[PDB]
Trainee: 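Next up is a structure, given as structure tokens.
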Amino acid sequence: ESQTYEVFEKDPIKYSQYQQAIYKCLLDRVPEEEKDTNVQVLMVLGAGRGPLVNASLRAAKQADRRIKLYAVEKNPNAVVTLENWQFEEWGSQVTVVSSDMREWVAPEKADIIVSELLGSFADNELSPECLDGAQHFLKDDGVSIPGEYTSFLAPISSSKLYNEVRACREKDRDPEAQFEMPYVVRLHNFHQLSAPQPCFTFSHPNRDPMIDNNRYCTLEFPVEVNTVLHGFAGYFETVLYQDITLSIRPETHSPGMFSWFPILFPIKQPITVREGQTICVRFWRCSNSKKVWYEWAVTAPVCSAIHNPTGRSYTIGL
Amino acid sequence: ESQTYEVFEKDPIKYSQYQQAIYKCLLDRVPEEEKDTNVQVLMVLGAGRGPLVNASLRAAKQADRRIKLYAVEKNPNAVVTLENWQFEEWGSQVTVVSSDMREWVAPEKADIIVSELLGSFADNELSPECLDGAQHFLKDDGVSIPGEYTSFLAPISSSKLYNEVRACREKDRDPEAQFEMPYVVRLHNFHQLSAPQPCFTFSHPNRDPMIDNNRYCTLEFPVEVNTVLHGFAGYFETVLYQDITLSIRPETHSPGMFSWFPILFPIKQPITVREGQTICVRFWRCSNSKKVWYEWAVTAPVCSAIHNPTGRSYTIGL
Amino acid sequence: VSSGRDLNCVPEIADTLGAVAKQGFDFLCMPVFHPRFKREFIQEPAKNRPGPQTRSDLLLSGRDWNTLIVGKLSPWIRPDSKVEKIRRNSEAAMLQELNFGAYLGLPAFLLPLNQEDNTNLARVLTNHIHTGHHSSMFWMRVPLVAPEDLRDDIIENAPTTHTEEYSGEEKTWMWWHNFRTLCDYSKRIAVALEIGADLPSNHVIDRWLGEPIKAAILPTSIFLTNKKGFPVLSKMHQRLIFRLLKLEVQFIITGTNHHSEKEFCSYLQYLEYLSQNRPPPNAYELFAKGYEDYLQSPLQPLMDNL
Amino acid sequence: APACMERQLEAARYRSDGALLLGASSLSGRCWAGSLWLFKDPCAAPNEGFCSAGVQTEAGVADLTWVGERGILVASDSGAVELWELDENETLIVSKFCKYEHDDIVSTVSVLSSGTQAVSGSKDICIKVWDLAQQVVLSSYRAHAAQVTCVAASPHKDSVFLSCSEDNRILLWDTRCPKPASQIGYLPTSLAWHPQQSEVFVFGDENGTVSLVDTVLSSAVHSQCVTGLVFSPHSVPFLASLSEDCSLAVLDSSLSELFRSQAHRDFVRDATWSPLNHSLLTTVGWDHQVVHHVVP
Ligand SMILES: Nc1ncnc2c1ncn2[C@@H]1O[C@H](C[C@@H](N)CC[C@H](N)C(=O)O)[C@@H](O)[C@H]1O
Ligand SMILES: Nc1ncnc2c1ncn2[C@@H]1O[C@H](C[C@@H](N)CC[C@H](N)C(=O)O)[C@@H](O)[C@H]1O
């Protein structure tokens with residue numbers, strides 16, 4: 001909806017980071033001698049209402065470099081905003097494309113592809129699948145902004161959140177479905193039981209012959225207090241370009257950036273944990289041609305059931 | 001499963017009809033003078049365990065014409081049966097292809113494409129979508145066997161079947177979902193209230209620029225008795241080649257063919273019908289990129305609710 | 001007594017089935033794909049290996065697949081391998097074999113629990129279960145005593161543990177327990193308990209008491225030889241057989257003939273002798289027959305008229 | 001003489017005069033059996049109509065070995081260890097013994113230095129020492145905790161052999177000791193004793209690394225499991241490495257690559273250096289190809 005895009009646009013830190021990354025990449029690709037002749041092809045993949053298109057334009061003026069823009073957007077309602085901005089302000093420099101980036105036949109190849117397809121668990125909005133499908137129209141020496149992203153997990157204790165998740169039981173569905181799905185939540189009345197550890201990583205472009213976005217991770221969390229495990233908090237980190245990053249992981253959290261709250265992966269049954277014990281968790285990223293999903297289980301100090309098997313309770317549509 | 005294929009193979013009438021159709025088509029494409037030089041490319045699309053491959057071979061021996069066969073099958077378990085038959089009996093004349101017909105890159109173009117992708121309501125196994133995807137590797141003058149199929153509907157009264165459908169309520173789903181889905185059923189304790197009428201028709205190949213498998217049909221059923229409407233019986237008819245057909249519509253039912261029982265489309269609420277009144281029904285065939293489904297409603301003598309809106313209770317996976 | 005023959009070598013399916021039926025066995029546990037035929041699913045040129053991938057379903061009738069055959073997972077399939085390439089080829093091969101079993105309509109399928117970490121094996125099995133209905137059983141092959149715990153003390157610089165480890169002697173029960181907890185107590189997952197030459201301490205055995213044991217695997221190697229040269233069992237092994245007969249488990253004979261002078265059917269003849277000579281059931285055991293673990297609503301003769 | 005040789009070639013071994021012994025299995029289709037073949041003309045292999053001798057075995061061939069100049073010792077799927085012999089004319093391969101002693105597939109076999117004894121390894125986790133003249137098992141060892149992958153008899157030490165298993169152990173054996181085995185990351189899959197240095201051996205792993213052990217030097221040679229390791233007949237030997245990655249590599253003393261072949265379309269199963277021309281190396285694979293490599 002229009003107001004979800006408006007909410008994204010209220011975060012100036014996120015766009016100033018994207019602009020700084022594009023500004024740095026343009027200077028590395030085009031030297032001073034070529035500044036007036038060399039026109040860099042830039043494709044904003046998932047342009048929304050256009051704040052990244054404006055960030056790329058400000059970056060090019062800052063870098064004193066020439067750019068040719070393509071603004072790709074599948075949402076036809078956001079395309080209304082885009083085509084009105086293009087006609088009134090952008091002009092011929094910007095070509096608005098109403099298409100899925102995976103289906104789009106590009107007239108030219110891109111020097112830089114820019115996107116913001118990241119969820120609170122980084123890859124949970126299917127940024128790897130989208131970018132993999134758009135990869136073919138990027139030049140051989142082409143750059144993807146973001147270049148990389150990494151998700152993080154941390155075990156948490158919160159009897160309040162366990163009670164909140166429990167209350168999400170619904171009519172006409174599995175009576176325990178609410179425990180087998182993640183929740184975006186500003187975690188408040190909780191306790192982080194161990195330091196966050198990396199879970200899944202993705203790189204762009206994906207210069208690998210055996211492209212597989214499926215993953216299986218085993219995490220060992222040392223616990224120093226007696227407690228109850230109610231779930232896992234998820235965060236992410238991303239490399240836009242070189243040293244220009246974005247983070248929601250608490251120890252490296254990007255100052256004043258509110259675009260993403262943490263994610264919560266619940267467990268069906270609370271697990272007693274003694275001081276000195278290790279929490280062991282297993283997370284899987286799974287897929288088929290139509291859906292992507294997560295599966296998870298605790299194997300230590302005690303076993304849980306495998307949560308969300310075959311994406312029976314929660315899926316991310318392709 | 002292996003035993004479902006075995007059950008299909010028990011119907012000799014169905015394969016003798018396919019053989020007769022292929023035999024007739026081979027004589028129309030290759031005259032006597034060309035019989036020893038002209039090799040017809042035949043592709044069995046959805047070859048299962050191979051009875052159509054054997055029917056095409058018997059047809060070619062009958063016609064005294066030369067054929068080159070491709071046996072396309074997506075089910076890898078059926079491909080085990082196929083590759084063993086190919087090695088032991090068929091030889092080089094048959095090339096077994098483990099692929100979805102819509103994804104397959106063909107080495108040659110086909111003179112004839114043969115398939116048996118039909119459900120009890122003809123197009124409910126998605127034979128139009130499958131054949132549309134395979135259409136490109138058929139020669140310009142190429143033939144599809146079947147060439148055409150038509151579904152039929154008839155209003156029925158059956159208090160027993162209404163009770164049977166009602167009893168299909170399940171835990172963890174919409175309490176009325178069972179009324180919003182078709183059932184394959186050998187209808188016994190029932191009353192057909194009006195003569196069957198055509199519902200949806202499909203032709204192969206689909207030589208139309210605006211290919212749309214979506215459909216909307218309005219049927220007017222004159223009723224001559226006082227009764228209760230509990231649903232609609234569905235049947236089909238198909239043209240394999242010229243006068244060689246297959247039918248489950250009762251008035252034209254193919255003698256001794258048991259491969260398909262009728263289909264039942266229930267209604268949530270029984271509808272009183274007076275003698276002299278017309279039953280009016282509306283059926284839609286709907287789709288998206290992932291699913292196909294039916295939607296239906298009675299508009300006369302009284303309105304029903306629209307059944308299975310957006311495929312909430314029943315879908316056919318693409 | 002219901003008995004099965006376990007084999008890992010089937011040159012011809014019809015001839016093997018026939019020889020096994022002649023011995024008096026009710027069923028055959030066998031590989032559904034050649035146990036040495038490792039398959040590649042990702043890397044060329046081996047992923048493009050020409051078929052058939054296995055032998056045809058047409059070699060037996062549907063009734064024979066449904067009643068006489070228990071399927072077996074290929075021994076190279078290692079979903080919990082530390083090598084990613086081995087893990088991914090193993091996941092794809094596990095699915096392919098389980099799917100072929102479902103295609104065949106097999107009544108049961110054997111999977112081993114031969115190590116502590118079977119998390120990914122559990123995950124691949126749970127996903128298989130949540131793809132259709134099937135009703136088909138999964139028999140988890142788990143020994144009373146782990147192979148690391150029954151190895152000969154013949155490694156001079158790595159001796160066997162001569163210290164009693166109460167909870168450690170019970171390690172295979174924990175392998176089963178974690179597996180079935182991960183799989184969320186599926187009614188389709190049961191135990192095929194493998195009996196060893198030296199029975200563990202009582203505590204280790206009765207850990208399995210209320211567990212869903214569907215089969216008991218007897219290696220030919222655990223049999224002693226009597227005066228006449230026939231295979232027999234120790235008195236303690238006989239005690240365990242009688243407890244397993246009370247649970248109505250299916251008995252599986254595995255391994256080669258270790259009593260060469262005798263026909264192989266002598267292992268089964270002995271088992272059938274023990275079944276025939278089991279302690280008889282009392283008037284209560286006779287009345288209760290058919291009601292074992294069958295749940296009923298307690299009668300309310302005050303509220304209801306009986 | 002079988003009318004057809006099975007697709008999955010498992011073994012290739014040259015004897016002194018340069019005649020090539022082949023081992024094959026059918027790992028798919030109706031019948032899962034095997035065959036043994038002799039080719040005095042190795043160029044003619046695997047053509048059935050051009051063999052010196054050929055025979056059908058009961059089950060599949062997982063491994064084989066020459067026993068002198070006329071003996072063929074076979075590791076079978078049936079759990080049997082079989083001994084075959086060429087007749088006086090070497091026109092027939094005849095069975096001498098077939099002893100079913102293993103409880104599962106016999107995976108590996110090796111002749112000890114005496115030439116009168118053999119060692120077998122199996123999926124049944126046991127290692128067996130055989131007396132070839134008496135056709136009996138002298139010793140059965142349950143030292144491992146999982147499937148035995150490879151057994152390699154010492155070149156000149158009669159009572160010495162190496163074993164490796166999925167239990168992650170490489171065991172050095174000496175049957176003269178009351179406790180015969182001694183234990184010496186990624187699972188070991190292949191073993192080869194150095195032909196000149198009595199205390200040296202190479203081992204391959206499931207990840208493609210080949211390592212030099214002087215009872216260390218390692219090289220990431222393959223992208224997949226190292227199936228086999230074969231030393232050349234040279235005064236200064238070269239090492240042939242074969243893998244499930246479908247390639248053959250020829251390595252020097254310091255495990256550095258000298259030759260590479262992508263000739264096979266399926267898994268490379270055996271490698272055998274010609275005694276006639278020491279620069280020639282023959283490989284067999286599951287693609288049914290008998291390739292003759294000219295090693296530089
Ligand atoms: N495969 C795809 N092809 C085209 N656009 C996509 C695709 N996947 C997601 N999008 C769009 O990408 C956008 C993602 C937004 N959350 C971000 C909007 C905008 N770039 C911003 O930073 O405000 C949405 O407008 C989606 O509709
Ligand atoms: N798009 C597709 N590509 C390939 N095979 C398909 C496709 N859709 C369905 N099939 C196969 O077509 C077959 C349809 C069967 N009901 C008929 C089997 C066989 N031709 C017979 O008449 O006995 C199945 O074996 C399906 O797996």
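As a basis for the values below, the full set of heavy atoms in this structure was taken, side chains included, without hydrogen atoms, waters or symmetry mates. Letters A, B, ... mirror the listed sequences (proteins, then strands); counts begin at 1.
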Trainee: Parallel, tilted or perpendicular: which fits the ring planes of D:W130 and D:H102, with parallel below 30° and perpendicular above 60°?
Mentor: tilted

Trainee: Relative to the ring of D:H234, is the ring of D:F238 parallel (under 30°), tilted (30 to 60°) or perpendicular (over 60°)?
Mentor: perpendicular

Trainee: Treating D:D174 as the side-chain partner and D:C177 as the backbone partner, does any N or O pair qualify as donor plus acceptor under 3.5 Å?
Mentor: no

Trainee: Between D:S241 and D:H222, does any side-chain donor sit less than 3.5 Å from a side-chain acceptor?
Mentor: yes

Trainee: I'd like to check D:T65 versus D:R13 (side-chain heavy atoms, cut-off strictly below 4.5 Å). Are they in contact?
Mentor: yes

Trainee: Looking at every non-hydrogen atom in both residues, tell me the closest pair between D:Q183 and C:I155 and how far apart they are.
Mentor: N-CG2, 3.8 Å

Trainee: Verify whether one side chain among D:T282 and D:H292 offers a donor that lies under 3.5 Å from an acceptor in the other.
Mentor: yes

Trainee: Is a side-chain donor-acceptor pair under 3.5 Å present for D:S28 with C:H34?
Mentor: no

Trainee: What heavy-atom pair brings C:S90 and C:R78 nearest, and what distance separates the two atoms?
Mentor: OG-N, 2.8 Å

Trainee: What I want to check is whether the side chains of C:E97 and C:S74 have a donor and an acceptor closer together than 3.5 Å.
Mentor: yes

Trainee: According to salt bridge (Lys or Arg N to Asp or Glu O under 4.0 Å), who are the partners of D:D266, at least two apart in sequence or on a separate chain?
Mentor: C:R49

Trainee: Which ring pair (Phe, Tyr, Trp, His ring centres under 6.0 Å) pairs, counting each pair once, include a residue from residues 42-88 of chain D, with sequence neighbours left out?
Mentor: none

Trainee: Between the side chains of D:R70 and D:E85, is the shortest nitrogen-to-carboxylate-oxygen separation below 4.0 Å, so that they form an ion pair?
Mentor: no

Trainee: Using a distance-only test with no angle check, is there a side-chain donor-acceptor pair under 3.5 angstrom linking C:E40 and D:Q224?
Mentor: yes

